[PDB]
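Novice: Experimental coordinates follow, after the sequence.
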Amino acid sequence: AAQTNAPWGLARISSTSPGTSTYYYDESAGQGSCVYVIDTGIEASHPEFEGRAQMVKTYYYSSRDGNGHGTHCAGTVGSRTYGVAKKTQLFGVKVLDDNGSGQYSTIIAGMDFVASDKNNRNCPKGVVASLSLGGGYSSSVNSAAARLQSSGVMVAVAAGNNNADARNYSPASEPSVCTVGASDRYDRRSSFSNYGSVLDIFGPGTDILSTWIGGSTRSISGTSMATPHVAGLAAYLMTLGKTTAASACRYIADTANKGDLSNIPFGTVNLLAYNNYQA
């Protein structure tokens with residue numbers, strides 16, 4: 001299939017060169033997979049989700065996305081126009097308040113919830129979790145993410161927006177999950193993107209159009225925006241049987257676009273998420 005006039009990030013992850021505008025992808029579109037977006041929530045009513053999004057857990061007085069960040073990230077996973085895997089099921093877990101903030105105790109609680117909750121749900125192609133969040137180094141938080149991965153979930157977490165080594169941030173610094181850095185439409189490493197040896201893959205992250213609260217859209221920037229590209233891609237490939245939850249991050253990095261980003265510091269991988277879809 002092909003989406004003409006797609007957001008540059010969708011076009012990037014189906015192309016061996018930047019500057020293109022059509023998103024080529026296998027029509028399976030992540031059908032039969034599930035992706036937990038662990039964030040400020042998801043505005044499930046958004047027409048862009050086509051009824052494929054629901055909330056399943058909140059840790060605050062409401063489960064509504066009063067910020068937009070979570071709806072923006074979910075839209076990159078599986079919205080019709082802004083999504084990598086357009087037929088995947090989205091599940092919202094609100095560990096972040098409407099200001100974008102979340103306690104670590106709460107985020108750990110959310111990850112443990114996902115590992116268990118996946119057993120209530122019909123996800124015959126497998127389960128992904130997208131964690132566009134993080135903070136300073138915490139070994140409990142890294143531990144929480146490794147548990148979720150070990151439980152059978154493909155975890156992707158943002159590398160961070162500190163323009164620093166991600167070794168000092170969490171869950172970015174957990175070796176067993178997929179840590180996603182951000183690039184721009186010109187294949188530069190994004191100005192804010194963290195880096196370092198913990199990084200596994202890069203995804204589109206600067207000026208990313210996606211869904212927003214109030215039935216709307218907007219472009220924003222962050223490694224929070226690169227993560228759902230990789231999360232959505234993992235669900236896409238799993239639906240296709242190309243890879244499993246435990247091996248998707250390695251699969252994505254072995255088949256990425258290699259050596260094509262600029263301003264990658266020494267000791268950080270130069271790999272850009274890529275679907276290698278050949279019609």
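Specialist: Noted; the coordinates are in hand. Residues are numbered from 1 along each chain as shown.
Novice: distance of residue 73 from residue 22?
Specialist: From residue 73 across to residue 22, the span is 23 Å (CB to CB, to the nearest Å). C-beta: built from backbone N, CA, C; applies to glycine.
Novice: which of those two has more neighbours?
Specialist: Between residue 73 and residue 22, counted using other CB atoms under 10 Å, the more crowded position is residue 73 (33 against 13).
Novice: all strands for the stretch 101-250 of the chain, in order.
Specialist: Taking DSSP state E, counting those that start in this stretch as the criterion, the stretch 101-250 of the chain carries its strands at 127-131, 135-136, 153-158, 169-170, 178-183, 201-204, 208-212, 216-220.
Novice: And the helices in this protein, which stretches?
Specialist: Ranges of helices in the chain, per DSSP state H, are 8-12, 69-78, 104-117, 139-150, 223-239, 248-254.
Novice: Spit out the contact partners of residue 93.
Specialist: Contact analysis of residue 93 by CB atoms under 8 Å, 6 or more residues apart in numbering lists 36-39, 55-58, 110, 113-114.
Novice: actually residue 97, not the one I wrote
Specialist: By CB under 8 Å, 6+ apart, the contact set of residue 97 is 40, 60, 67.
Novice: just those residues now: which is nearest residue 122?
Specialist: residue 40 (25.8 Å; CB to CB).
Novice: Let's have the contacts of residue 93 in a markdown table, adding neighbour count.
Specialist: Shown next, in a markdown table, are the contacts of residue 93 (neighbours: other CB atoms under 10 Å):
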| residue | neighbour count |
| --- | --- |
| 36 | 32 |
| 37 | 33 |
| 38 | 28 |
| 39 | 29 |
| 55 | 20 |
| 56 | 17 |
| 57 | 18 |
| 58 | 16 |
| 110 | 26 |
| 113 | 18 |
| 114 | 25 |
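Novice: List the ones among these that fall in strands.
Specialist: 36-39, 55-58 (DSSP state E).
Novice: could you redo the strands of the stretch 101-250 of the chain as a markdown table and give each row mean neighbour count?
Specialist: Output for these, formatted as a markdown table (neighbours: other CB under 10 Å):
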| stretch | mean neighbour count |
| --- | --- |
| strand 127-131 | 31 |
| strand 135-136 | 14 |
| strand 153-158 | 31 |
| strand 169-170 | 26 |
| strand 178-183 | 30 |
| strand 201-204 | 30 |
| strand 208-212 | 25 |
| strand 216-220 | 15 |
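Novice: Great, nothing more from me.
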